[PDB]
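Two forms of a single protein chain come next, each set out by itself as structure tokens; they are called structure 1 and structure 2.
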Structure 1
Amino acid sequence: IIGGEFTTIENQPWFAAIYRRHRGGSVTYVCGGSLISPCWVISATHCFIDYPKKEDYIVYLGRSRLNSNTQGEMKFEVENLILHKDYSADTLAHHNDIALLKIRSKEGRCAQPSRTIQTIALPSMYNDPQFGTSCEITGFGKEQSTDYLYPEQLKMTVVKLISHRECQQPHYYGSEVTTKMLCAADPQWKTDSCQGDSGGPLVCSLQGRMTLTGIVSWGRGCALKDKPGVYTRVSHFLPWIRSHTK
């Protein structure tokens, strides 16, 4: 997250921190995700496509920090890693950048709600906030494009939803952006998602309910003028989510 503010997991208790274990056994951060039901985390396919094997991954819930443990955190293996069969990648503009991880602990259990672990509601079909609405994004991604390290402390920021018509302008993203994607950015371009934020939540309050409107997907650099963050438009994938979570 470029700009924005530090946070703890209490302020985004559905945030899932996804890591991968290497041959060698080193564990490194991969991507963010969101808990949509006790057994299911939603994320982005591009996070996983290079390494599509479920044994490779570990999911934490209730975790506020990247490389240290948070009190009360839960650790999960990935029982099933479901990638969207219509995924594709452009130079960068991934289509259908959505993935599902069925989580279960070593003791064969799913998530147990607590002060630090909660689910996020899905939107109703094709029901998004109007353009200009302020929404929030959360992640452990870079704080500056030039950074080598990821922040040790979770971050969040606010971005405003951009209309498809605005985002499809050639000086924005042209044909790279589809109606199944959502653009969001700061009016000053001063804050944004960045590398390592992929798969994480874009959350909007829609009719008084906190809602998983988007999933961090792609962008041309970070916090650059005319170059918004791009998000998988969750309200366009409900049948896919519903079939695959059974």
Structure 2
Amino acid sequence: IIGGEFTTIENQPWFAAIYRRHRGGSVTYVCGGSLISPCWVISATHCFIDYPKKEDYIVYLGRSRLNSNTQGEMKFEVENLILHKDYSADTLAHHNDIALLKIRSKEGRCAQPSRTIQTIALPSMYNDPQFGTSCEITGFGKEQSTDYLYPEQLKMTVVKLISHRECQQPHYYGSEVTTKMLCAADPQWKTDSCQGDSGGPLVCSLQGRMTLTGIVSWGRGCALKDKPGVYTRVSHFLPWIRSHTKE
């Protein structure tokens, strides 16, 4: 997350923090997640493409801090991981960058709601906000593209949706971008998502309820002019979701 500000997990209670064990007991933050159902988290498949083994990932809800434990947070294993069949990335762009994780705690419980722990509203077929609308993104991603550490407290920041006709442009990302994808940047490019923010939520206020209209997927820079972020547009995966999502 470039620009932005630090938040507590409460401003963003649907966020999920995904860790991978390197073995030894060694864990590292991999990707962000959004909790869409009390037993289901959704992310990007690139986050796990190289190490698909499920018995190997860890999800934390209600976690606002990275290596200190928040109060109220719950820990889960991964009952199942499902990457999108037609996931491709022979190029800058990812395609179909969408993954689901089935979580369950050591006590067998799925996710219990609270002020820390909330689900996120999926969009609906035709409810994508206007271009120029202001959604928020959040995560532990780096705070400068040339940086070594990850910020230890969660961040958030607000970007404005960009029309697909606009970032299909030469100066932008030309043919690299499809209509199953959704661009979004600051208008003076002062703030964006960065490495680490992958798999986290693009959230918009829709008819009141907070909603998950995008997933952090890819972009060229971290907040360069004419080089926005890019998101999996969740409306175009509602069947795939639905299909896989039930189980």
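By rigid core we mean the largest C-alpha set that fits within 1.5 Å across both forms. Residues are numbered by position in structure 1's sequence, first residue being 1. Shifts are known only where both forms have a C-alpha.
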Fitting the two forms on their rigid core, what distance in Å separates the Cα positions of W40 between the two structures? 0.2
Can you give me the Cα shift for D147 between the two structures? Core-superposed, in angstrom, one decimal please. 1.2
For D90, tell me the Cα shift between the two structures once the rigid core is superposed, in Å to one decimal. 3.0
Core-referenced diff between the two structures: runs of three or more consecutive residues, each Cα shifted 2 Å or more, sit at 23 to 25, 90 to 92, 207 to 209
